[PDB]
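Heads up, the thing below is written out as structure tokens.
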Amino acid sequence: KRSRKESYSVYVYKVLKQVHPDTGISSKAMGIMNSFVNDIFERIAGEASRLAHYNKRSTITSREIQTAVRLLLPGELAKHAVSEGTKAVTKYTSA
Amino acid sequence: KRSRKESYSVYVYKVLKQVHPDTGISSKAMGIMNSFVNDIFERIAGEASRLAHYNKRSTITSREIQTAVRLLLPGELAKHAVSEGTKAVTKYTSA
Amino acid sequence: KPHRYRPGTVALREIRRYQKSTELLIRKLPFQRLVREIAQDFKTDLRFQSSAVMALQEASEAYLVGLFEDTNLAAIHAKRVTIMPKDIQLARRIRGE
Amino acid sequence: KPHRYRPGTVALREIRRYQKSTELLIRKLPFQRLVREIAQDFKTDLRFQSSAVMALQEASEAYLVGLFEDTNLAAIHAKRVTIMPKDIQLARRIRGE
Amino acid sequence: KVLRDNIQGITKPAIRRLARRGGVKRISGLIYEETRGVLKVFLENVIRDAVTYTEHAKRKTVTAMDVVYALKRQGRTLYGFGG
Amino acid sequence: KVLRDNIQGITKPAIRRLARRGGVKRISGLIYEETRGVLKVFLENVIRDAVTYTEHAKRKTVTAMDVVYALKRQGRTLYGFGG
Amino acid sequence: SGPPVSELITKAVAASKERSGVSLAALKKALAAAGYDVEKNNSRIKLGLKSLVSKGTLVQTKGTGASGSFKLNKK
Amino acid sequence: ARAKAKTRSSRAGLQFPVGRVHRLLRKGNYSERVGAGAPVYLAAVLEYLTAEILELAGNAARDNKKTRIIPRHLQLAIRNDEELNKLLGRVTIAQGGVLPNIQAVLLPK
Amino acid sequence: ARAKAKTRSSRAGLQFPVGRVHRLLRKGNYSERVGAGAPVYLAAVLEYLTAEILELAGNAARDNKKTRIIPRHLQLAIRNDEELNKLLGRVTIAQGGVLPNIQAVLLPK
DNA sequence: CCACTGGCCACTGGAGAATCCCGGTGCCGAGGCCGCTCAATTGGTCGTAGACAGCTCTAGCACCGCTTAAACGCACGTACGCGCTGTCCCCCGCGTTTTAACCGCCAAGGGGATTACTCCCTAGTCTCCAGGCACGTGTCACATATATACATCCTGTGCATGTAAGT
DNA sequence: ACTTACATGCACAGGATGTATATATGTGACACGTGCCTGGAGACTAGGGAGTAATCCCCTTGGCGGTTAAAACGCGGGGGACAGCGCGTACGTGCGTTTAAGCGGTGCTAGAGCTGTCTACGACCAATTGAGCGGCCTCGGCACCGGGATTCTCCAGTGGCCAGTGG
């Protein structure tokens, strides 16, 4: 028996099942999606951590996260992401 | 009452004098130097942190430091930097 | 007959002048006026460190001047000495802009 | 009389085909021969994942094909359709190397 | 207090001077407008990043170090301003 | 064991195929050698970094992860091989 | 229909008597100003000028073929 | 007497694991402390971004009449949205090829 | 009772503060742990690079017949070295200007 | 002088060919189930990071008054893009010969990968002191100004040369 | 076919200008002394990540036969690169003018920034589970193959048009 390799396959698989219940996925393109998610996560956490250093903050909070989103992601995509993230934060605020 | 701000003015001043006793400097040229020092420091630090990330390393040792110096520094600058750092490690090992 | 230099001779003379120079080519006051104007577009009542506008000044002029030697490369590659805009959006698009 | 197309027509058909296609255009085994040749120039007895070789291959051809549209824009910039290497050196210099 | 036509502030011989530092000896009359467009677009990019830093700093006065962050976030590193 | 000339293994039809995917109509013969030089120079630029990662991992076998680290170090990020 | 273009070319070179021969662009503008469909007859005017050179009735000043300057003969 | 455990993704109504994201943030050495809502926000914006890119990929596949997403569909989707394109301008795609582009000057008369 | 405090920069025989850069590495959040010789090695390579650029700047200022270096000298030093230029191709110097550089095709005759 | 005739150009239809499109067909990745396990979750706690208020002071914003430097603008010229043509040769393309790439099949073993183990080093804490930083001060490298000296660029002008008119 | 007069080109002298260069002078920014305090060193410890040894197995390397598709070579031809000629126009350069930037000075204050507080929040840790990952089986989407339709290219045939030429 070998070591578990953590993957993003099942979650994005569920996501594609809401947005396209009909279609399929190729596994290497699925790995492309995993690399995409890991890469943009690495970026966004990068400027988030740097910004937390710049304002001398010990804790990574969602305010600099949305700052980082509109730092990287352009325009209407940024404000859309702001909308869904904001409503999700309110939902988790209401638990 | 003021607060202390940290810079490299005394150390770079010592370095410039021991390479050139006769040569001066302007203050905003020292600002350029401080920006240089912080820039290459953050480059090498982010690279070393990512090296520790890739090797799942908890502790930043000099091996990944010299690795990243070999990685970023073009040409003979890399070899001279490795030599100088090795010498400094040698004296600090003896001290 | 009044003195007059031929075309280019002057132009290369200030080419040498502005290459040996390090100093500012734009008047700073309309630059701060323009910066305040365009910053008003994103947010109202903005205040400005003078050094911040200065850093904007060299950053902008360095960006555009780098585009100018790139435009020189484009024009001489097209065997010309006179530039056209198509040089500039060519250089930007190869830069990915 | 044997059939023959006019020049460029067949060529444009391979632009259509290869822009339609997605696969690697070079033979993999001479490529990995080159890879082991260059790797030996750094340190001996280096061993390779095949996927690593494929990643090197696709990244290499991606950088090259990017240089190819750069060269195309350079050639049509000089009002030409035949490329000469000066286009490629200009493309490298605007790209920053 | 309102500003409307400050893109005309980059004067015509100033653009000529910028070309001379770029080493151009001959410029067309059709160059100034798209140079104005390129420079402005670059400016809204950088000031947008800087102001995003600024309301993250929760200040209404922008600082040079935030400008340093805004320029380096696309890799256009400038020295001598607290960087 | 040793290898002396594999850069000529980048065949003329392969270069032409890359040109067709680049959309090139007409190609001079002098494109070929400089193209080989540019591509190989890119190759040691990336593979030096990749091998430095590999002995950094204390390995004598080069993995795709080292390739990925080296390439996105040079700002040439590739998907499909990470993980 | 109208007259053939050869004497039209001779009138084009005879209009000016510049000290050098008339250029091809100037004679094209001359046939445009006098009135002629110059756009579809570029081959026609080029063959006419080359023929008129080859007879020696016109002598080409500087260029070769259709290029350069074209002047009248000695007599 | 412990209550039934939900997941933070379920509490936020999201698909990506908030717990795994939070663990990767903690072990990613970005700050020694992590706010509670920040990985929730991050998972939400990630789910959004994957949603539009998957939707464009599915539209490309439907246009290419294949029921399975291929990397060529990914390339054709990602290059045709200019904000996402210059977002990933320095990002290279596996087996993507290029957009079909011929210059009109290269085209014959 | 205790040994007199001796500086680690003197132990490496260097000018840059080992303790300061060690503190910066610890509080820069690059890892939770760091070896002792790594900031020594970093201080050495930093001191080497500063020595190189200061030698080049002093040579430039001497060629400029100036006792005190200026960022024009820094620009001239940083661009006339190919390795330093590849180090800082994407880095701009405030009031450094550019290299005196004209194309030969732009020259008369 | 006119009509007969020959060269040149544009249009067009037909033939060929390459590709798009329709079925069939076997096949192997996609996907879905299952079994395990380990990491998210629950819950509680404790320390502490940042929010919040409140004072301070400083630098930026605003206004104005001179004060040139520079922008603008006009005007005239000449240098340059550029359009056309002519010419030459270089490379697209298509066929023929070659060859090595590839598949696939098998052998072998080399090193990455995984687990255990024990220990070398380093985060952490306490104490103490000293070196760098804010700040004051002074002082000479250099900016600025002015007077010479040379470089250089442009243009008249005398001499050399090819070509038209007279003999 | 020769000799003589005239347009053209070219090298040089000189002058006008711009740029360097020498010298005097203030000045303020660089450099250097000072108090200090906080951040770096000293010493000890907990413990834990990490070096190292053992194993295994799997993934990489080497080799061997067949095949063919891809590569190499040759011919050739046309079309594209490029040189040159002319031509118009559109900036380069110079001078007058406007004006606007800029420098100096003054007043305001609002907000940047420091400081105390405290508390909401988040790290740390024992329990536990179910969500998620490794492995396995199946199948149907899809790659590949084969046949016909379609659409695109090209070129030979034909009509129109202009000019030479002979009756």
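Residues in the structure tokens are numbered from 1 in each chain, the chains being A, B, ... in the order shown, and ligands are numbered from 1 in the order shown.
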
Practice item. Please identify all polymer residues within 9 Å of residue 23 in chain F, counting only C-alpha atoms (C1' of nucleotides), omitting same-chain residues fewer than 2 positions from it, and present them as a ChimeraX atom specification. Key: /D:12,14-16,18-19,65,68-69,72 /F:18-21,25 /H:100-103,106

Check your understanding: Using only C-alpha atoms (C1' of nucleotides), which residues sit within 12 Å of residue 42 in chain A once same-chain residues fewer than 5 positions away are excluded, as a PyMOL selection string?
Key -> (chain A and resi 35-37+47-49+68) or (chain B and resi 50+53) or (chain H and resi 21+24-25+28-30+42+46)

**Study point:** Those in chain A with strand (DSSP E or B) from DSSP, as number ranges by chain
**Key:** A: 24-25, 59-60

Practice item. Please provide as a list in words all residues within 7 Å of residue 77 in chain H, with the sequence filter that same-chain residues fewer than 3 positions apart are discarded (counting only C-alpha atoms (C1' of nucleotides)). Key: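 Non-adjacent residues within range: residues 56, 57, 60, 73, 74 and 80 of chain H.
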
Exercise for review: Please return, as JSON, numbers by chain, all residues of chain I lying within 10 Å of chain C when only C-alpha atoms are considered.
Suggested key: {"I": [71, 72, 92, 93, 94, 95, 96, 97, 98, 99, 100, 101, 102, 103, 105, 106, 107, 108]}

Any chance you could fit chain F onto chain E with least squares, all Cα atoms in order, and share the moved copy as a JSON list (two decimals) with N, CA and C atoms, in the first residue's frame?
[["chain", "number", "residue", "atom", "x", "y", "z"],
["F", 1, "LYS", "N", -11.70, 72.14, -8.57],
["F", 1, "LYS", "CA", -11.67, 70.88, -7.85],
["F", 1, "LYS", "C", -11.47, 69.70, -8.80],
["F", 2, "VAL", "N", -12.39, 69.55, -9.75],
["F", 2, "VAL", "CA", -12.30, 68.45, -10.70],
["F", 2, "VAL", "C", -11.31, 68.80, -11.81],
["F", 3, "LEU", "N", -10.89, 67.77, -12.55],
["F", 3, "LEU", "CA", -9.96, 67.92, -13.65],
["F", 3, "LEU", "C", -10.50, 67.17, -14.86],
["F", 4, "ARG", "N", -10.43, 67.79, -16.02],
["F", 4, "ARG", "CA", -11.04, 67.21, -17.21],
["F", 4, "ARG", "C", -10.04, 66.89, -18.31],
["F", 5, "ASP", "N", -8.96, 67.66, -18.44],
["F", 5, "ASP", "CA", -7.97, 67.43, -19.49],
["F", 5, "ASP", "C", -6.61, 67.89, -18.99],
["F", 6, "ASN", "N", -5.82, 66.95, -18.50],
["F", 6, "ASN", "CA", -4.42, 67.19, -18.21],
["F", 6, "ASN", "C", -3.49, 66.33, -19.04],
["F", 7, "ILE", "N", -4.04, 65.41, -19.84],
["F", 7, "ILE", "CA", -3.21, 64.56, -20.70],
["F", 7, "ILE", "C", -2.53, 65.40, -21.78],
["F", 8, "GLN", "N", -3.13, 66.53, -22.14],
["F", 8, "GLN", "CA", -2.47, 67.46, -23.04],
["F", 8, "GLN", "C", -1.38, 68.25, -22.33],
["F", 9, "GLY", "N", -1.29, 68.17, -21.01],
["F", 9, "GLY", "CA", -0.15, 68.69, -20.29],
["F", 9, "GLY", "C", 1.14, 67.95, -20.56],
["F", 10, "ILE", "N", 1.07, 66.76, -21.15],
["F", 10, "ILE", "CA", 2.25, 66.07, -21.66],
["F", 10, "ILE", "C", 2.57, 66.76, -22.98],
["F", 11, "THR", "N", 3.45, 67.75, -22.91],
["F", 11, "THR", "CA", 3.69, 68.63, -24.04],
["F", 11, "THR", "C", 4.50, 67.91, -25.12],
["F", 12, "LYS", "N", 4.34, 68.42, -26.35],
["F", 12, "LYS", "CA", 5.15, 67.98, -27.48],
["F", 12, "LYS", "C", 6.66, 68.05, -27.24],
["F", 13, "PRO", "N", 7.25, 69.13, -26.69],
["F", 13, "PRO", "CA", 8.68, 69.05, -26.36],
["F", 13, "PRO", "C", 9.02, 68.02, -25.31],
["F", 14, "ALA", "N", 8.12, 67.75, -24.36],
["F", 14, "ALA", "CA", 8.40, 66.71, -23.37],
["F", 14, "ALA", "C", 8.45, 65.33, -24.01],
["F", 15, "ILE", "N", 7.50, 65.06, -24.91],
["F", 15, "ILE", "CA", 7.50, 63.81, -25.67],
["F", 15, "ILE", "C", 8.76, 63.71, -26.51],
["F", 16, "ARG", "N", 9.17, 64.83, -27.11],
["F", 16, "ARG", "CA", 10.38, 64.83, -27.91],
["F", 16, "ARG", "C", 11.62, 64.61, -27.06],
["F", 17, "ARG", "N", 11.62, 65.13, -25.83],
["F", 17, "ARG", "CA", 12.74, 64.89, -24.92],
["F", 17, "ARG", "C", 12.83, 63.42, -24.55],
["F", 18, "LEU", "N", 11.69, 62.79, -24.28],
["F", 18, "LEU", "CA", 11.68, 61.35, -24.03],
["F", 18, "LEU", "C", 12.16, 60.58, -25.25],
["F", 19, "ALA", "N", 11.83, 61.07, -26.45],
["F", 19, "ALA", "CA", 12.33, 60.46, -27.67],
["F", 19, "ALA", "C", 13.84, 60.60, -27.79],
["F", 20, "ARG", "N", 14.37, 61.76, -27.43],
["F", 20, "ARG", "CA", 15.81, 61.98, -27.51],
["F", 20, "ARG", "C", 16.56, 61.10, -26.52],
["F", 21, "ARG", "N", 16.01, 60.94, -25.30],
["F", 21, "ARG", "CA", 16.61, 59.99, -24.37],
["F", 21, "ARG", "C", 16.42, 58.56, -24.86],
["F", 22, "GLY", "N", 15.34, 58.31, -25.60],
["F", 22, "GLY", "CA", 15.22, 57.05, -26.31],
["F", 22, "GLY", "C", 16.02, 56.97, -27.58],
["F", 23, "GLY", "N", 16.67, 58.05, -27.99],
["F", 23, "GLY", "CA", 17.50, 58.03, -29.17],
["F", 23, "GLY", "C", 16.77, 58.11, -30.49],
["F", 24, "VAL", "N", 15.58, 58.69, -30.51],
["F", 24, "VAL", "CA", 14.78, 58.75, -31.73],
["F", 24, "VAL", "C", 15.25, 59.93, -32.57],
["F", 25, "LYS", "N", 15.42, 59.70, -33.87],
["F", 25, "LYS", "CA", 15.77, 60.77, -34.80],
["F", 25, "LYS", "C", 14.57, 61.55, -35.29],
["F", 26, "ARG", "N", 13.57, 60.88, -35.85],
["F", 26, "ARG", "CA", 12.47, 61.57, -36.51],
["F", 26, "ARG", "C", 11.15, 61.00, -36.01],
["F", 27, "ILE", "N", 10.21, 61.89, -35.70],
["F", 27, "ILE", "CA", 8.99, 61.54, -34.99],
["F", 27, "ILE", "C", 7.81, 62.04, -35.79],
["F", 28, "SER", "N", 6.86, 61.15, -36.08],
["F", 28, "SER", "CA", 5.63, 61.59, -36.71],
["F", 28, "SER", "C", 4.73, 62.29, -35.70],
["F", 29, "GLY", "N", 3.76, 63.05, -36.22],
["F", 29, "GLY", "CA", 2.80, 63.70, -35.35],
["F", 29, "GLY", "C", 1.82, 62.74, -34.70],
["F", 30, "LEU", "N", 1.58, 61.59, -35.32],
["F", 30, "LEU", "CA", 0.63, 60.62, -34.81],
["F", 30, "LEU", "C", 1.18, 59.82, -33.64],
["F", 31, "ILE", "N", 2.49, 59.94, -33.36],
["F", 31, "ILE", "CA", 3.10, 59.32, -32.20],
["F", 31, "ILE", "C", 2.50, 59.87, -30.92],
["F", 32, "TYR", "N", 2.08, 61.13, -30.95],
["F", 32, "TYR", "CA", 1.87, 61.91, -29.74],
["F", 32, "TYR", "C", 0.65, 61.43, -28.97],
["F", 33, "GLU", "N", -0.48, 61.28, -29.67],
["F", 33, "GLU", "CA", -1.74, 60.94, -29.03],
["F", 33, "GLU", "C", -1.75, 59.50, -28.54],
["F", 34, "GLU", "N", -1.25, 58.58, -29.36],
["F", 34, "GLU", "CA", -1.15, 57.18, -28.95],
["F", 34, "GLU", "C", -0.14, 57.01, -27.83],
["F", 35, "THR", "N", 0.93, 57.82, -27.85],
["F", 35, "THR", "CA", 1.90, 57.81, -26.76],
["F", 35, "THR", "C", 1.25, 58.25, -25.46],
["F", 36, "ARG", "N", 0.43, 59.30, -25.53],
["F", 36, "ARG", "CA", -0.33, 59.76, -24.38],
["F", 36, "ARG", "C", -1.26, 58.67, -23.88],
["F", 37, "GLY", "N", -1.95, 57.99, -24.80],
["F", 37, "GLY", "CA", -2.86, 56.93, -24.41],
["F", 37, "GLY", "C", -2.14, 55.77, -23.73],
["F", 38, "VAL", "N", -1.01, 55.35, -24.30],
["F", 38, "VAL", "CA", -0.25, 54.23, -23.74],
["F", 38, "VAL", "C", 0.26, 54.58, -22.35],
["F", 39, "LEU", "N", 0.81, 55.79, -22.20],
["F", 39, "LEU", "CA", 1.36, 56.18, -20.90],
["F", 39, "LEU", "C", 0.25, 56.29, -19.87],
["F", 40, "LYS", "N", -0.90, 56.87, -20.24],
["F", 40, "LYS", "CA", -1.95, 57.03, -19.24],
["F", 40, "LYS", "C", -2.52, 55.68, -18.85],
["F", 41, "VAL", "N", -2.65, 54.76, -19.82],
["F", 41, "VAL", "CA", -3.17, 53.42, -19.55],
["F", 41, "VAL", "C", -2.27, 52.69, -18.57],
["F", 42, "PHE", "N", -0.95, 52.80, -18.79],
["F", 42, "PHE", "CA", 0.02, 52.34, -17.81],
["F", 42, "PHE", "C", -0.21, 53.00, -16.45],
["F", 43, "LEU", "N", -0.57, 54.28, -16.46],
["F", 43, "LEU", "CA", -0.74, 54.98, -15.19],
["F", 43, "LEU", "C", -1.94, 54.48, -14.41],
["F", 44, "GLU", "N", -3.09, 54.20, -15.05],
["F", 44, "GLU", "CA", -4.17, 53.67, -14.21],
["F", 44, "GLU", "C", -3.88, 52.23, -13.82],
["F", 45, "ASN", "N", -3.16, 51.49, -14.68],
["F", 45, "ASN", "CA", -2.78, 50.13, -14.32],
["F", 45, "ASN", "C", -1.95, 50.10, -13.05],
["F", 46, "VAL", "N", -1.04, 51.05, -12.88],
["F", 46, "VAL", "CA", -0.23, 51.07, -11.66],
["F", 46, "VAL", "C", -0.99, 51.74, -10.51],
["F", 47, "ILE", "N", -1.81, 52.76, -10.80],
["F", 47, "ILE", "CA", -2.31, 53.56, -9.70],
["F", 47, "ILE", "C", -3.54, 52.90, -9.10],
["F", 48, "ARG", "N", -4.23, 52.05, -9.86],
["F", 48, "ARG", "CA", -5.30, 51.23, -9.31],
["F", 48, "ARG", "C", -4.76, 50.31, -8.23],
["F", 49, "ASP", "N", -3.64, 49.67, -8.53],
["F", 49, "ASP", "CA", -3.00, 48.79, -7.57],
["F", 49, "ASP", "C", -2.52, 49.58, -6.36],
["F", 50, "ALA", "N", -1.92, 50.74, -6.62],
["F", 50, "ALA", "CA", -1.40, 51.57, -5.54],
["F", 50, "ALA", "C", -2.51, 52.07, -4.62],
["F", 51, "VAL", "N", -3.64, 52.50, -5.20],
["F", 51, "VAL", "CA", -4.71, 52.98, -4.34],
["F", 51, "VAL", "C", -5.30, 51.82, -3.56],
["F", 52, "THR", "N", -5.47, 50.65, -4.20],
["F", 52, "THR", "CA", -5.98, 49.47, -3.51],
["F", 52, "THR", "C", -5.10, 49.11, -2.31],
["F", 53, "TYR", "N", -3.79, 49.31, -2.45],
["F", 53, "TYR", "CA", -2.90, 49.27, -1.29],
["F", 53, "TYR", "C", -3.25, 50.37, -0.29],
["F", 54, "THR", "N", -3.63, 51.56, -0.77],
["F", 54, "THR", "CA", -3.81, 52.68, 0.15],
["F", 54, "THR", "C", -5.05, 52.53, 1.03],
["F", 55, "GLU", "N", -6.22, 52.21, 0.43],
["F", 55, "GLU", "CA", -7.34, 51.88, 1.31],
["F", 55, "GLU", "C", -7.14, 50.53, 2.00],
["F", 56, "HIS", "N", -6.26, 49.68, 1.47],
["F", 56, "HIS", "CA", -5.84, 48.53, 2.25],
["F", 56, "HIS", "C", -5.11, 48.95, 3.52],
["F", 57, "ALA", "N", -4.37, 50.05, 3.47],
["F", 57, "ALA", "CA", -3.78, 50.58, 4.68],
["F", 57, "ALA", "C", -4.74, 51.42, 5.50],
["F", 58, "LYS", "N", -6.02, 51.49, 5.09],
["F", 58, "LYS", "CA", -7.05, 52.34, 5.70],
["F", 58, "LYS", "C", -6.66, 53.81, 5.68],
["F", 59, "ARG", "N", -5.86, 54.22, 4.70],
["F", 59, "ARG", "CA", -5.42, 55.60, 4.60],
["F", 59, "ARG", "C", -6.11, 56.31, 3.46],
["F", 60, "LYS", "N", -6.30, 57.61, 3.62],
["F", 60, "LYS", "CA", -6.71, 58.48, 2.54],
["F", 60, "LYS", "C", -5.55, 59.31, 2.00],
["F", 61, "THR", "N", -4.34, 59.06, 2.47],
["F", 61, "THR", "CA", -3.13, 59.65, 1.93],
["F", 61, "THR", "C", -2.27, 58.54, 1.34],
["F", 62, "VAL", "N", -1.90, 58.69, 0.07],
["F", 62, "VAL", "CA", -1.14, 57.66, -0.63],
["F", 62, "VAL", "C", 0.34, 57.86, -0.36],
["F", 63, "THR", "N", 1.01, 56.79, 0.08],
["F", 63, "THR", "CA", 2.44, 56.83, 0.37],
["F", 63, "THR", "C", 3.24, 56.21, -0.76],
["F", 64, "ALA", "N", 4.55, 56.47, -0.72],
["F", 64, "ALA", "CA", 5.45, 55.92, -1.72],
["F", 64, "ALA", "C", 5.58, 54.41, -1.58],
["F", 65, "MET", "N", 5.34, 53.89, -0.38],
["F", 65, "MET", "CA", 5.42, 52.45, -0.17],
["F", 65, "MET", "C", 4.38, 51.71, -0.98],
["F", 66, "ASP", "N", 3.16, 52.25, -1.04],
["F", 66, "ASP", "CA", 2.11, 51.66, -1.86],
["F", 66, "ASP", "C", 2.49, 51.68, -3.33],
["F", 67, "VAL", "N", 3.10, 52.79, -3.78],
["F", 67, "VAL", "CA", 3.59, 52.89, -5.15],
["F", 67, "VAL", "C", 4.62, 51.81, -5.42],
["F", 68, "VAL", "N", 5.54, 51.60, -4.48],
["F", 68, "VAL", "CA", 6.60, 50.62, -4.65],
["F", 68, "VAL", "C", 6.03, 49.22, -4.73],
["F", 69, "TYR", "N", 5.05, 48.91, -3.87],
["F", 69, "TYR", "CA", 4.43, 47.60, -3.87],
["F", 69, "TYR", "C", 3.70, 47.35, -5.18],
["F", 70, "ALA", "N", 2.99, 48.37, -5.67],
["F", 70, "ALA", "CA", 2.23, 48.25, -6.91],
["F", 70, "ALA", "C", 3.15, 48.05, -8.11],
["F", 71, "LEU", "N", 4.24, 48.81, -8.16],
["F", 71, "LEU", "CA", 5.11, 48.73, -9.33],
["F", 71, "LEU", "C", 5.88, 47.42, -9.37],
["F", 72, "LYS", "N", 6.39, 46.94, -8.22],
["F", 72, "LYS", "CA", 7.14, 45.69, -8.30],
["F", 72, "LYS", "C", 6.20, 44.49, -8.33],
["F", 73, "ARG", "N", 4.91, 44.71, -8.03],
["F", 73, "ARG", "CA", 3.92, 43.70, -8.38],
["F", 73, "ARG", "C", 3.89, 43.47, -9.88],
["F", 74, "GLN", "N", 3.93, 44.54, -10.66],
["F", 74, "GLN", "CA", 3.92, 44.43, -12.11],
["F", 74, "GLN", "C", 5.29, 44.16, -12.70],
["F", 75, "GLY", "N", 6.25, 43.71, -11.89],
["F", 75, "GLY", "CA", 7.56, 43.37, -12.38],
["F", 75, "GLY", "C", 8.38, 44.54, -12.87],
["F", 76, "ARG", "N", 8.20, 45.71, -12.29],
["F", 76, "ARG", "CA", 8.83, 46.94, -12.76],
["F", 76, "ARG", "C", 9.59, 47.60, -11.64],
["F", 77, "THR", "N", 10.39, 46.80, -10.93],
["F", 77, "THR", "CA", 10.98, 47.14, -9.64],
["F", 77, "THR", "C", 11.85, 48.39, -9.71],
["F", 78, "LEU", "N", 11.64, 49.30, -8.76],
["F", 78, "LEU", "CA", 12.32, 50.58, -8.71],
["F", 78, "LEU", "C", 13.09, 50.70, -7.41],
["F", 79, "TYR", "N", 14.30, 51.21, -7.49],
["F", 79, "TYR", "CA", 15.12, 51.51, -6.33],
["F", 79, "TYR", "C", 15.12, 53.01, -6.11],
["F", 80, "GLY", "N", 15.49, 53.43, -4.90],
["F", 80, "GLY", "CA", 15.59, 54.84, -4.58],
["F", 80, "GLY", "C", 14.44, 55.40, -3.79],
["F", 81, "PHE", "N", 13.40, 54.62, -3.53],
["F", 81, "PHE", "CA", 12.25, 55.11, -2.79],
["F", 81, "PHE", "C", 11.83, 54.16, -1.68],
["F", 82, "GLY", "N", 12.23, 52.89, -1.75],
["F", 82, "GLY", "CA", 11.93, 51.97, -0.68],
["F", 82, "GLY", "C", 12.73, 52.27, 0.57],
["F", 83, "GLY", "N", 12.04, 52.20, 1.70],
["F", 83, "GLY", "CA", 12.67, 52.47, 2.98],
["F", 83, "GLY", "C", 12.61, 53.94, 3.38]]

Select residues of chain K: the criterion is any atom within 9 Å of an atom of chain A, counting only C-alpha atoms (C1' of nucleotides); output as a compact mmCIF listing (two decimals) with C-alpha atoms (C1' of nucleotides), in the first residue's frame.
# COMPACT_ATOMS: atom_id res chain seq x y z
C1' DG K 122 -7.44 32.24 16.86
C1' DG K 132 -11.57 11.41 0.41
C1' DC K 133 -7.90 8.71 -1.79
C1' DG K 134 -5.93 4.00 -3.64

Check your understanding: Please, which residues of chain K lie no more than 12 Å from chain D when the count uses only C-alpha atoms (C1' of nucleotides), and can they be set out as a ChimeraX atom specification?
Key -> /K:59-61,69-71,76-82,152-156

Those residues with C-alpha atoms (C1' of nucleotides), as a tab-separated table (two decimals), in the first residue's frame please?
chain	number	residue	atom	x	y	z
K	59	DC	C1'	10.91	2.97	-12.88
K	60	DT	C1'	14.45	3.86	-15.70
K	61	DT	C1'	18.00	2.26	-19.17
K	69	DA	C1'	6.70	7.63	-42.14
K	70	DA	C1'	9.45	10.89	-41.83
K	71	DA	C1'	13.73	12.92	-43.42
K	76	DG	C1'	12.54	23.72	-60.93
K	77	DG	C1'	10.15	27.77	-61.15
K	78	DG	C1'	7.87	31.60	-59.72
K	79	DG	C1'	7.24	35.12	-56.53
K	80	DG	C1'	9.25	37.68	-53.09
K	81	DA	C1'	13.34	40.34	-51.57
K	82	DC	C1'	15.55	44.07	-52.76
K	152	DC	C1'	-11.10	24.91	-53.01
K	153	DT	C1'	-7.31	25.59	-56.76
K	154	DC	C1'	-5.57	25.99	-60.89
K	155	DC	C1'	-5.17	26.14	-65.74
K	156	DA	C1'	-6.64	25.68	-70.40

Exercise for review: Give the residues of chain H that lie within 12 Å of chain J; count only C-alpha atoms (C1' of nucleotides), and format the answer as a list in words.
Suggested key: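 Close to chain J, chain H has residues 1, 2, 3, 4, 5, 6, 7, 8, 9, 17, 18, 19, 20, 21, 22, 23, 32, 33, 34, 35, 67, 68 and 69 of chain H.
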
Practice item. Do me a favour and pick out the residues of chain A within 9 Å of chain J, using only C-alpha atoms (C1' of nucleotides), as a VMD selection string. Key: chain A and resid 24 to 27 57 to 59

Point to revise | alpha helix (DSSP H) per DSSP on the backbone: members of chain G, as a ChimeraX atom specification | key: /G:5-14,24-34,42-54
